[PDB]
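Participant: So here's coords_22.cif, just mmCIF, C-alpha atoms and all ligand atoms:
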```
data_run
#
loop_
_atom_site.label_atom_id
_atom_site.label_comp_id
_atom_site.auth_asym_id
_atom_site.auth_seq_id
_atom_site.Cartn_x
_atom_site.Cartn_y
_atom_site.Cartn_z
CA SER A 7 8.11 -0.23 -132.21
CA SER A 8 11.43 0.31 -130.19
CA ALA A 9 12.79 2.75 -127.55
CA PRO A 10 16.29 4.26 -128.28
CA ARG A 11 19.40 2.40 -127.07
CA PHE A 12 23.14 2.88 -127.46
CA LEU A 13 24.93 0.01 -129.25
CA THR A 14 28.20 1.92 -128.70
CA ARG A 15 28.55 4.53 -125.93
CA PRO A 16 29.82 8.01 -127.11
CA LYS A 17 33.57 7.71 -127.80
CA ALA A 18 35.89 10.62 -128.56
CA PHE A 19 38.52 10.63 -131.32
CA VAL A 20 41.20 13.30 -130.94
CA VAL A 21 44.25 13.77 -133.17
CA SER A 22 45.62 16.98 -131.56
CA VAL A 23 44.63 20.54 -130.62
CA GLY A 24 43.87 22.59 -133.77
CA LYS A 25 42.73 19.45 -135.63
CA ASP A 26 39.07 18.26 -135.77
CA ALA A 27 37.74 15.94 -133.01
CA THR A 28 34.77 13.57 -133.07
CA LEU A 29 32.40 12.26 -130.43
CA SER A 30 30.64 9.30 -132.15
CA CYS A 31 28.22 6.49 -131.18
CA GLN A 32 25.89 3.80 -132.56
CA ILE A 33 22.16 4.33 -131.74
CA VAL A 34 19.19 2.15 -132.67
CA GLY A 35 15.42 2.69 -132.28
CA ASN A 36 12.07 2.50 -134.07
CA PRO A 37 11.15 5.27 -135.02
CA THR A 38 14.82 6.13 -135.64
CA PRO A 39 16.01 8.43 -132.83
CA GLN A 40 16.71 12.19 -132.91
CA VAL A 41 20.15 12.95 -131.45
CA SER A 42 20.98 16.07 -129.44
CA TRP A 43 24.27 16.97 -127.69
CA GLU A 44 25.07 19.14 -124.64
CA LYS A 45 28.46 20.25 -123.26
CA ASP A 46 28.26 20.83 -119.45
CA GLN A 47 24.41 21.09 -119.47
CA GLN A 48 24.65 23.81 -122.23
CA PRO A 49 23.22 22.60 -125.60
CA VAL A 50 25.46 22.36 -128.65
CA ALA A 51 24.72 24.99 -131.33
CA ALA A 52 25.79 23.65 -134.76
CA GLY A 53 27.93 25.95 -136.92
CA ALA A 54 31.48 27.20 -136.53
CA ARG A 55 32.54 25.21 -133.41
CA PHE A 56 30.39 22.08 -133.93
CA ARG A 57 28.92 19.97 -136.76
CA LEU A 58 26.35 17.18 -136.46
CA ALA A 59 26.02 14.24 -138.93
CA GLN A 60 24.65 10.66 -139.09
CA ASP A 61 25.34 7.69 -141.44
CA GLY A 62 22.63 5.14 -140.68
CA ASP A 63 22.73 4.14 -137.00
CA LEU A 64 26.06 6.05 -136.58
CA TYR A 65 25.62 9.52 -135.03
CA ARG A 66 28.61 11.93 -134.91
CA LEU A 67 29.42 15.35 -133.44
CA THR A 68 32.51 16.98 -134.94
CA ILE A 69 34.34 19.66 -132.92
CA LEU A 70 36.22 21.82 -135.51
CA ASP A 71 39.72 23.19 -134.64
CA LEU A 72 39.89 21.53 -131.17
CA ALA A 73 40.91 23.93 -128.36
CA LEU A 74 41.47 23.44 -124.63
CA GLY A 75 38.12 25.27 -124.13
CA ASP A 76 36.31 22.26 -125.71
CA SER A 77 37.07 20.11 -122.58
CA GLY A 78 33.95 19.07 -120.63
CA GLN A 79 31.22 16.48 -120.07
CA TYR A 80 29.32 15.94 -123.33
CA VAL A 81 25.89 14.31 -123.00
CA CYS A 82 24.27 12.55 -125.97
CA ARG A 83 20.45 12.29 -125.98
CA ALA A 84 18.67 9.83 -128.27
CA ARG A 85 14.96 10.61 -128.30
CA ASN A 86 11.91 9.16 -130.08
CA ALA A 87 8.11 8.65 -129.73
CA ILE A 88 8.72 5.62 -127.39
CA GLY A 89 11.52 6.96 -125.17
CA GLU A 90 14.86 8.58 -124.36
CA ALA A 91 18.38 7.20 -123.99
CA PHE A 92 21.21 9.14 -122.40
CA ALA A 93 24.94 8.43 -122.35
CA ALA A 94 27.86 10.77 -121.64
CA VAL A 95 31.55 11.20 -122.51
CA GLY A 96 34.20 13.36 -120.84
CA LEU A 97 36.50 15.14 -123.28
CA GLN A 98 39.85 16.31 -121.84
CA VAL A 99 42.11 18.18 -124.30
CA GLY B 2 44.23 -3.61 -107.70
CA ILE B 3 42.24 -0.64 -109.13
CA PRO B 4 39.76 1.64 -107.20
CA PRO B 5 36.44 2.35 -109.01
CA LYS B 6 35.65 5.50 -111.01
CA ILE B 7 32.35 6.66 -112.60
CA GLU B 8 33.37 7.64 -116.17
CA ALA B 9 30.59 10.11 -117.17
CA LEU B 10 27.04 10.40 -115.85
CA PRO B 11 24.74 13.33 -116.84
CA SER B 12 24.00 16.04 -114.21
CA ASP B 13 20.30 16.59 -115.21
CA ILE B 14 18.05 14.64 -117.60
CA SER B 15 14.38 15.23 -118.46
CA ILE B 16 11.68 12.90 -119.86
CA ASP B 17 7.90 13.01 -120.50
CA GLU B 18 5.38 10.81 -118.56
CA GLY B 19 4.74 7.33 -120.02
CA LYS B 20 7.98 7.05 -122.00
CA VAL B 21 10.98 4.71 -121.32
CA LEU B 22 14.15 6.18 -119.78
CA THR B 23 17.68 4.83 -120.33
CA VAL B 24 20.81 6.09 -118.54
CA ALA B 25 24.00 4.35 -119.63
CA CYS B 26 27.14 4.95 -117.61
CA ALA B 27 30.61 3.41 -117.99
CA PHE B 28 32.97 2.60 -115.07
CA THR B 29 36.49 1.41 -114.17
CA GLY B 30 37.76 -0.78 -111.29
CA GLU B 31 39.39 -4.17 -110.64
CA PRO B 32 37.90 -6.31 -109.08
CA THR B 33 34.61 -5.33 -110.81
CA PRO B 34 32.80 -2.95 -108.36
CA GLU B 35 29.33 -3.40 -106.82
CA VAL B 36 26.94 -1.18 -108.79
CA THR B 37 24.29 0.45 -106.52
CA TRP B 38 21.60 2.79 -107.92
CA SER B 39 19.68 4.70 -105.23
CA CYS B 40 17.11 7.48 -104.90
CA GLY B 41 16.37 9.32 -101.66
CA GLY B 42 18.50 6.85 -99.68
CA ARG B 43 16.48 3.86 -101.04
CA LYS B 44 18.29 1.28 -103.25
CA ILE B 45 16.72 0.67 -106.70
CA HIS B 46 16.10 -3.09 -107.12
CA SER B 47 16.03 -4.59 -110.65
CA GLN B 48 12.49 -6.07 -110.43
CA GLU B 49 11.68 -8.27 -113.47
CA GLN B 50 7.89 -7.60 -113.21
CA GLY B 51 8.34 -3.95 -112.13
CA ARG B 52 9.05 -0.71 -114.02
CA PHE B 53 12.68 -0.27 -112.82
CA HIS B 54 15.50 -2.38 -114.38
CA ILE B 55 19.30 -2.27 -113.96
CA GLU B 56 21.49 -3.89 -116.67
CA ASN B 57 25.09 -4.28 -115.42
CA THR B 58 28.23 -5.47 -117.29
CA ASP B 59 31.92 -5.57 -116.19
CA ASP B 60 32.40 -1.94 -117.46
CA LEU B 61 28.86 -0.47 -117.87
CA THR B 62 25.65 0.20 -115.87
CA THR B 63 22.25 0.97 -117.44
CA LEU B 64 19.26 2.35 -115.52
CA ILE B 65 15.85 1.58 -117.11
CA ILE B 66 12.63 3.29 -115.98
CA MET B 67 9.68 2.08 -118.05
CA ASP B 68 6.34 4.02 -118.30
CA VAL B 69 7.87 6.97 -116.38
CA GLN B 70 5.52 8.49 -113.75
CA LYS B 71 5.77 11.90 -111.97
CA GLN B 72 6.82 10.20 -108.64
CA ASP B 73 10.01 8.80 -110.34
CA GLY B 74 11.39 12.36 -110.58
CA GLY B 75 14.31 12.92 -108.23
CA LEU B 76 18.03 12.76 -107.48
CA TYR B 77 19.41 9.34 -108.46
CA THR B 78 22.82 8.28 -107.09
CA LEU B 79 25.01 5.74 -108.90
CA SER B 80 27.54 4.27 -106.42
CA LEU B 81 30.42 1.86 -107.15
CA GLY B 82 32.53 0.12 -104.53
CA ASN B 83 35.19 -2.56 -104.37
CA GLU B 84 38.03 -3.79 -102.08
CA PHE B 85 40.20 -0.69 -103.04
CA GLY B 86 37.72 2.22 -102.74
CA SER B 87 34.46 3.82 -103.95
CA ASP B 88 32.91 6.50 -106.21
CA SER B 89 29.45 8.14 -106.37
CA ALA B 90 27.69 10.44 -108.88
CA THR B 91 24.21 11.99 -109.15
CA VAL B 92 21.68 12.36 -111.99
CA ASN B 93 18.71 14.66 -111.45
CA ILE B 94 15.80 13.02 -113.35
CA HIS B 95 12.98 15.49 -114.20
CA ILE B 96 9.48 14.51 -115.31
CA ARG B 97 7.28 16.65 -117.65
CA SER B 98 3.56 16.51 -118.81
CL CL C 101 17.65 16.35 -120.95
#
```
Please express what this file holds, its structure, as structure tokens.
Facilitator:
Amino acid sequence: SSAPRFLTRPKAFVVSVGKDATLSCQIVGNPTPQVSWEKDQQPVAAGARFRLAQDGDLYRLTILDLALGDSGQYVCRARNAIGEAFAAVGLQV
Amino acid sequence: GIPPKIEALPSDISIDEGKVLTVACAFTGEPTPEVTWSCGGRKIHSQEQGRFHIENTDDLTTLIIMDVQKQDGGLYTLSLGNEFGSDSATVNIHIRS
């Protein structure tokens, strides 16, 4: 039915170092897209450092206890049966 | 006046044959810079009847490659330019079976 597309490009929300940080975006598609994240071409492994979640068309990566080591180019990949959509965001803590 | 800057463009991206590819990249610069997508020294032209499409706003560029074919694989260069300077960045698009 529809290839994935970003309604909102990935945007970072930072409070401070030591507090959680969120890279979030709005993605549409039919079938609904699968979202994957990669920091500096290295894929994000969910767990202690990162947490992935999605409320409807809102997809969000949470970086727990933000550190200077979390700085880098994060690439969001929305994939489905029809296509792929890529968009990136540079995080500088 | 403000010189242009490519915000964040992926280094490498991969897609399977026959699918649609979308690469959205944000940019800065006043006056609004000339967006130029190129591959192997050849400028990508947004052909309405073709497979390749480029959707440009005042702050965002989007590369569209419909029904991706093996030949489309390569090193794509996004290049902005205005009265006050220029910036370039590369995305290595890979094609798979
Ligand atoms: Cl990829």
Participant: Considering only C-alpha atoms, state which residue in the set B:74, B:11, B:51, B:4 is at the smallest distance from chain A.
Facilitator: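 Among B:74, B:11, B:51, B:4, it is B:11 that comes nearest to chain A.
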Participant: Find the residues of chain A in contact range of chain B, meaning any atom within 6 Å when counting only C-alpha atoms, and list them as a PyMOL selection string.
Facilitator: chain A and resi 88-95
Participant: Just the number, please: distance in Å from atom CA of residue A:80 to atom CA of residue A:60, one decimal.
Facilitator: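 Between these atoms lies a distance of 17.3 Å.
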Participant: Between atom CA of residue B:49 and atom CA of residue A:11, what is the distance in Å, rounded to a tenth?
Facilitator: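 Value for the atom CA of residue B:49-atom CA of residue A:11 distance: 18.9 Å.
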Participant: Report the distance between atom CA of residue A:40 and atom CA of residue A:58 in Å, rounded to one decimal place.
Facilitator: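 The value is 11.4 Å.
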Participant: Can you tell me, as AutoDock Vina command-line options, the centre and edge lengths (Å, one decimal) of the axis-aligned box enclosing all of stretch 37-55 of chain A's listed atoms after padding each side by 3 Å?
Facilitator:
```
--center_x 21.8 --center_y 16.2 --center_z -128.2 --size_x 27.4 --size_y 27.9 --size_z 23.5
```
Participant: Out of A:83, A:66, A:55, A:45, which residue has the shortest atom-to-atom distance to residue A:25 when counting all atoms listed in the file?
Facilitator: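 Checking each of A:83, A:66, A:55, A:45 against residue A:25, counting all atoms listed in the file, the winner is A:55.
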Participant: Give me the residues within 10 Å of residue B:6 as JSON, numbers by chain, counting only C-alpha atoms and dropping any in the same chain fewer than 4 places off.
Facilitator: {"B": [27, 28, 29, 30, 34, 80, 81, 82, 86, 87, 88, 89, 90]}
Participant: From (41.7, 13.7, -121.9), in the file's coordinates, out to 10 Å: which residues are reached, counting all atoms listed in the file? Answer as a PyMOL selection string.
Facilitator: chain A and resi 18+20+77-78+96-99
Participant: Find the residue from B:5, B:40, B:72, B:94 that sits nearest to residue B:60; use all atoms listed in the file when measuring.
Facilitator: B:5
Participant: Using all atoms listed in the file, which of B:58, B:93, B:50, B:70 sits nearest ligand CL 101 (chain C)?
Facilitator: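 Nearest to ligand CL 101 (chain C): B:93.
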Participant: Counting all atoms listed in the file, which residue out of A:10, A:24, A:49, A:75 sits closest to ligand CL 101 (chain C)?
Facilitator: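 Comparing A:10, A:24, A:49, A:75 against ligand CL 101 (chain C), the winner is A:49.
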Participant: Have a look at B:7, B:83, B:53, B:2 and name the one nearest to residue B:39; count all atoms listed in the file.
Facilitator: B:53
Participant: Write out as a list in words each polymer residue whose atoms come within 10 Å of residue A:28, counting all atoms listed in the file; drop sequence neighbours fewer than 4 positions from it.
Facilitator: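 After dropping sequence-adjacent residues, the list is residues 16, 17, 18, 19, 20, 21, 56, 57, 58, 66, 67, 68, 69, 70 and 72 of chain A.
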Participant: Would you mind putting N, CA and C atoms back on stretch 41-70 of chain A and writing the result as an mmCIF file, in the frame of the given file?
Facilitator:
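Saved to out.cif:
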```cif
data_model
loop_
_atom_site.group_PDB
_atom_site.id
_atom_site.type_symbol
_atom_site.label_atom_id
_atom_site.label_comp_id
_atom_site.auth_asym_id
_atom_site.auth_seq_id
_atom_site.Cartn_x
_atom_site.Cartn_y
_atom_site.Cartn_z
ATOM 1 N N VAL A 41 19.030 12.786 -132.356
ATOM 2 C CA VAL A 41 20.150 12.950 -131.450
ATOM 3 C C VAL A 41 20.538 14.388 -131.213
ATOM 4 N N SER A 42 20.619 14.747 -129.939
ATOM 5 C CA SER A 42 20.980 16.070 -129.440
ATOM 6 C C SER A 42 22.191 15.940 -128.511
ATOM 7 N N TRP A 43 23.055 16.964 -128.506
ATOM 8 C CA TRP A 43 24.270 16.970 -127.690
ATOM 9 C C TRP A 43 24.328 18.195 -126.789
ATOM 10 N N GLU A 44 24.873 18.022 -125.567
ATOM 11 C CA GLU A 44 25.070 19.140 -124.640
ATOM 12 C C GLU A 44 26.383 19.056 -123.900
ATOM 13 N N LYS A 45 27.180 20.138 -123.957
ATOM 14 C CA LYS A 45 28.460 20.250 -123.260
ATOM 15 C C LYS A 45 28.230 21.007 -121.942
ATOM 16 N N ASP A 46 28.414 20.303 -120.813
ATOM 17 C CA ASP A 46 28.260 20.830 -119.450
ATOM 18 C C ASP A 46 26.889 21.453 -119.248
ATOM 19 N N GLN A 47 25.820 20.682 -119.569
ATOM 20 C CA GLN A 47 24.410 21.090 -119.470
ATOM 21 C C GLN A 47 23.973 22.279 -120.375
ATOM 22 N N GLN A 48 24.889 22.746 -121.247
ATOM 23 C CA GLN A 48 24.650 23.810 -122.230
ATOM 24 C C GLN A 48 24.529 23.140 -123.599
ATOM 25 N N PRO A 49 23.385 23.283 -124.303
ATOM 26 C CA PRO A 49 23.220 22.600 -125.600
ATOM 27 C C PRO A 49 24.185 23.056 -126.673
ATOM 28 N N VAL A 50 24.543 22.123 -127.554
ATOM 29 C CA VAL A 50 25.460 22.360 -128.650
ATOM 30 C C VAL A 50 24.740 23.035 -129.818
ATOM 31 N N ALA A 51 25.228 24.227 -130.207
ATOM 32 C CA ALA A 51 24.720 24.990 -131.330
ATOM 33 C C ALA A 51 25.651 24.683 -132.502
ATOM 34 N N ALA A 52 25.079 24.053 -133.548
ATOM 35 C CA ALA A 52 25.790 23.650 -134.760
ATOM 36 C C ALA A 52 26.187 24.875 -135.566
ATOM 37 N N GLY A 53 27.398 24.858 -136.115
ATOM 38 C CA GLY A 53 27.930 25.950 -136.920
ATOM 39 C C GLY A 53 29.429 25.970 -137.011
ATOM 40 N N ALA A 54 30.039 27.018 -136.468
ATOM 41 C CA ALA A 54 31.480 27.200 -136.530
ATOM 42 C C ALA A 54 32.252 26.213 -135.653
ATOM 43 N N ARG A 55 31.872 26.101 -134.361
ATOM 44 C CA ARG A 55 32.540 25.210 -133.410
ATOM 45 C C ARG A 55 32.179 23.738 -133.671
ATOM 46 N N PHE A 56 30.872 23.444 -133.797
ATOM 47 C CA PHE A 56 30.390 22.080 -133.930
ATOM 48 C C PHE A 56 29.620 21.769 -135.182
ATOM 49 N N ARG A 57 29.650 20.500 -135.596
ATOM 50 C CA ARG A 57 28.920 19.970 -136.760
ATOM 51 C C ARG A 57 28.358 18.589 -136.444
ATOM 52 N N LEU A 58 27.062 18.421 -136.706
ATOM 53 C CA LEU A 58 26.350 17.180 -136.460
ATOM 54 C C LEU A 58 26.090 16.456 -137.764
ATOM 55 N N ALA A 59 26.231 15.111 -137.760
ATOM 56 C CA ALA A 59 26.020 14.240 -138.930
ATOM 57 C C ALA A 59 25.680 12.817 -138.501
ATOM 58 N N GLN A 60 24.980 12.060 -139.372
ATOM 59 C CA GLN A 60 24.650 10.660 -139.090
ATOM 60 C C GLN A 60 24.556 9.773 -140.322
ATOM 61 N N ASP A 61 25.358 8.678 -140.358
ATOM 62 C CA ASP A 61 25.340 7.690 -141.440
ATOM 63 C C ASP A 61 24.659 6.468 -140.855
ATOM 64 N N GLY A 62 23.397 6.253 -141.216
ATOM 65 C CA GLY A 62 22.630 5.140 -140.680
ATOM 66 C C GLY A 62 22.539 5.238 -139.179
ATOM 67 N N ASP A 63 22.813 4.134 -138.466
ATOM 68 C CA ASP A 63 22.730 4.140 -137.000
ATOM 69 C C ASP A 63 23.943 4.802 -136.307
ATOM 70 N N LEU A 64 24.868 5.372 -137.087
ATOM 71 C CA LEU A 64 26.060 6.050 -136.580
ATOM 72 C C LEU A 64 25.764 7.529 -136.491
ATOM 73 N N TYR A 65 25.852 8.097 -135.275
ATOM 74 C CA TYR A 65 25.620 9.520 -135.030
ATOM 75 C C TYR A 65 26.969 10.129 -134.608
ATOM 76 N N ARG A 66 27.318 11.309 -135.165
ATOM 77 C CA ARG A 66 28.610 11.930 -134.910
ATOM 78 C C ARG A 66 28.602 13.446 -134.772
ATOM 79 N N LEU A 67 29.211 13.936 -133.678
ATOM 80 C CA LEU A 67 29.420 15.350 -133.440
ATOM 81 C C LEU A 67 30.875 15.634 -133.722
ATOM 82 N N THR A 68 31.142 16.584 -134.607
ATOM 83 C CA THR A 68 32.510 16.980 -134.940
ATOM 84 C C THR A 68 32.803 18.332 -134.297
ATOM 85 N N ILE A 69 33.889 18.415 -133.536
ATOM 86 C CA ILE A 69 34.340 19.660 -132.920
ATOM 87 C C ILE A 69 35.483 20.161 -133.814
ATOM 88 N N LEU A 70 35.225 21.229 -134.594
ATOM 89 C CA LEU A 70 36.220 21.820 -135.510
ATOM 90 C C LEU A 70 37.292 22.529 -134.709
#
```
